[PDB]
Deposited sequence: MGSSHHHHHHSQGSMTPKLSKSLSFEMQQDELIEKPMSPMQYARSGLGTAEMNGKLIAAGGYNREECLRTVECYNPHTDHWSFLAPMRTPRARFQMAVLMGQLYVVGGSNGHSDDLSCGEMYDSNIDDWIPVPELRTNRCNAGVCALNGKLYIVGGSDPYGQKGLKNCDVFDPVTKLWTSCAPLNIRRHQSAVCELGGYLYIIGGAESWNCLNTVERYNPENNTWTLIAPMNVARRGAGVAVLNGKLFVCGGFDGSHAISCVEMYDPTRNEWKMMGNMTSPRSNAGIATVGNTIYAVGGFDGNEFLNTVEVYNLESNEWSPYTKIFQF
């Protein structure tokens, strides 16, 4: 049996783990930008709804900070000049607007680290900025070495990683690591495949970068980065090509959901088996 798909096809969505479930928030499809938020329960193979976001939002990366979901950046169904960010309270199942998280900036990476929220790149840019939820203030950080938008961003071991993206129209295979203890971005080993709009999930101390757009196709290629050897390795391909999908670790298992395959916006989800190095679209 194919895993249950979402009710809405979604590209350029936010994704995260929460309470053992896969959260798919916003995004856009052929008809509209979306405010709905869906939640996949792997152990039951059912999607459910969370409270919808106040306003439709796409082309953002969602972050988890102090257990709460933060949506920052992106665009609605008319412009990128968003008046506020939003945060989700699972205690009450509702989204609260955060005016201090307003942005005029899409395709930017967003990630939590040491209790603060970093926004990196975006439509590309070298800017990196940090929001402290305690003070609700923004501070600038060291800039990227290379202009980037539609990059994959993630945190591991106290460091940030920004992965690929597009500089202008050209897709990048280069990767940069942020050290907050000396406030530097350092180029590290590049990926084998240059990709805009890839997704990234952290699993067992390794980074799995999945799919994206290589300048020509939506791709199913998956590459793993091992920080202890500063090297990348080709992994099993996803069962569908997915550009601007949602990639997340849930229950210490990697899922890919939604995206765009070059012809259609996708509502499917698939799962990675680390032991066998194989993706599957089916449930037990």
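Missing from the model relative to the deposited sequence are positions 1-34, 158-163, 325-328 (no C-alpha coordinates, numbering from 1).
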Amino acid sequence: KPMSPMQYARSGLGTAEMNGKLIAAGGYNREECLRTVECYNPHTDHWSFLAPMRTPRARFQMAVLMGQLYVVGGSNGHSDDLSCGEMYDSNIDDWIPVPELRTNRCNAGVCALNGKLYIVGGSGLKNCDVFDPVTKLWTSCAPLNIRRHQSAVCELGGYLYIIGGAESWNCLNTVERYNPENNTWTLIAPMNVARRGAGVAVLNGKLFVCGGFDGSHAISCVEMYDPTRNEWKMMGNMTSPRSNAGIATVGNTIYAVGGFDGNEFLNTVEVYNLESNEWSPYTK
From here on, numbers count along this sequence of modelled residues.
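Here the stretch with the larger average CA B-factor, out of 96-104 and 76-84, is 76-84. In this entry, 225-233 has the higher mean Cα B-factor, the comparison being between 225-233 and 48-56. Remark: of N179, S90, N204, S151, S90 shows the highest value [criterion: C-alpha B-factor in the PDB entry].
Comparing the C-alpha B-factors of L65, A248, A245, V37 in the entry, the top value falls on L65. Among the modelled residues of its chain, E167 has a C-alpha B-factor that falls in the highest third according to the deposited record. In this PDB entry, the Cα temperature factor of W185 sits in the top third of its chain's modelled residues, the highest group. When the CA B factors of the chain's modelled residues are split into thirds, the value for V271 lands in the lowest one. Ranked against the other modelled residues of its chain, the C-alpha B-factor of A112 as given in the entry falls in the lowest third. Among all modelled residues in this chain, the alpha-carbon of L137 has a temperature factor (C-alpha) in the highest third.
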